[PDB]
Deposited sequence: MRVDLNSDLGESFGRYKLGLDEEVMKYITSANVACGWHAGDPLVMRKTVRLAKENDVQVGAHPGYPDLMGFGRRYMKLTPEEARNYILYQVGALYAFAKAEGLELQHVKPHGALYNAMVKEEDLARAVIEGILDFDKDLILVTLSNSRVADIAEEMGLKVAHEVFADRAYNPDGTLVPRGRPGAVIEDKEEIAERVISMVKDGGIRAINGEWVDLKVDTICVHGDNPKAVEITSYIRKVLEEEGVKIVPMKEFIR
């Protein structure tokens, strides 16, 4: 068993500090760094990439819609070429920071509403993938496990990592319900089911098959960091190899 632990970092902006990046960076293998559009800024990006380097964490881009006010959690209708180039712009911006710190970008994980819209609109998913291919065909796309987005990525020649969410309730079709488990013990249970059994039961009890390459964890507060630490703890005890996506995708 092998799995990657990813977390959205560098989500602070200007005067506002969001999350506990340095703390959670001690448990994850991959960081999805905001690119200044839905969150983050140059100073936050440089700091986050530096922290990743010091913690031996892989850096990937976390592009989003041009909506700071909405934290990229609101749908914006974009043409395919707009989405393609908007993704390209953000990946390049973050790349400069990885380069400045002697690191290489590993992946690209779209943020919030963009992530959700790609799952629902195949043309948008294709546009985003095209933007990634424009920059580096070796980049790994992080998307919803077993989703059509993954099939499209494979069809277009882009490596893809199937992402699961242990603290989120699932619908029978594999999509997430718009319930969020809060106790670390229960979350740990779900993590084990996913890695050990390749699935989890949906809110109606139906079994959902899941490909597990990476698990999204959080570090918004001490409590979240606590849960993340425990997830790592349990995975280690189960003999699961915790390694970055680049090592097995």
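Q. Where are the gaps relative to the deposited sequence?
A. Unmodelled stretches: 179-183, 255.
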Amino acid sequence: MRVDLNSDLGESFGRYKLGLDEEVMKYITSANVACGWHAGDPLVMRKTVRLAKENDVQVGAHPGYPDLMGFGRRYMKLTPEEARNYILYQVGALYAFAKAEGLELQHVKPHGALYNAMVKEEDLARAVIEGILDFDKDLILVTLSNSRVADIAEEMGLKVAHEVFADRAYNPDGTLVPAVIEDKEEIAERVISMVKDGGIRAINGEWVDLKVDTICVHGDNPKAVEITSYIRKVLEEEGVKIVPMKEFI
From here on, numbers count along this sequence of modelled residues.
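Q. Between 199-207 and 30-38, which has the larger average Cα B-factor in the PDB entry?
A. The recorded data point to 199-207.
(Q) I need to verify one thing: averaged over C-alpha atoms only, is the B-factor higher for 5-13 or for 18-26? (A) The recorded data point to 18-26.
Q) Considering only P80, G131, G92, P178, which residue's Cα atom bears the greatest B-factor as recorded? A) Top of the list by C-alpha B-factor: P178.
**Q.** C-alpha B-factor winner, where the candidates are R74, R84, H162, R168
**A.** Going by the entry's C-alpha B-factors, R168 comes out highest.
Q) How does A150 rank on Cα B-factor within its chain, lowest, middle or highest third? A) Its C-alpha B-factor, which the entry lists for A150, ranks in the middle third among residues of this chain.
Q) Comparing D67 with the other modelled residues of its chain, is its CA B-factor in the lowest, middle or highest third? A) Lowest third, going by the recorded CA B-factors of the chain.
Q. Taking the entry's C-alpha B-factors for this chain, is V57 in the lowest, middle or highest third?
A. As the PDB entry reports it, the C-alpha B-factor of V57 lands in the middle third of its chain.
Q: Select lowest, middle or highest to describe the third in which the CA B-factor of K120 falls within its chain in this entry.
A: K120: CA B-factor falls in the middle third of its chain.
Q: Classify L158 as lowest, middle or highest third according to the C-alpha B-factor given in the PDB entry, relative to its own chain.
A: CA B-factor rank for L158: middle third.
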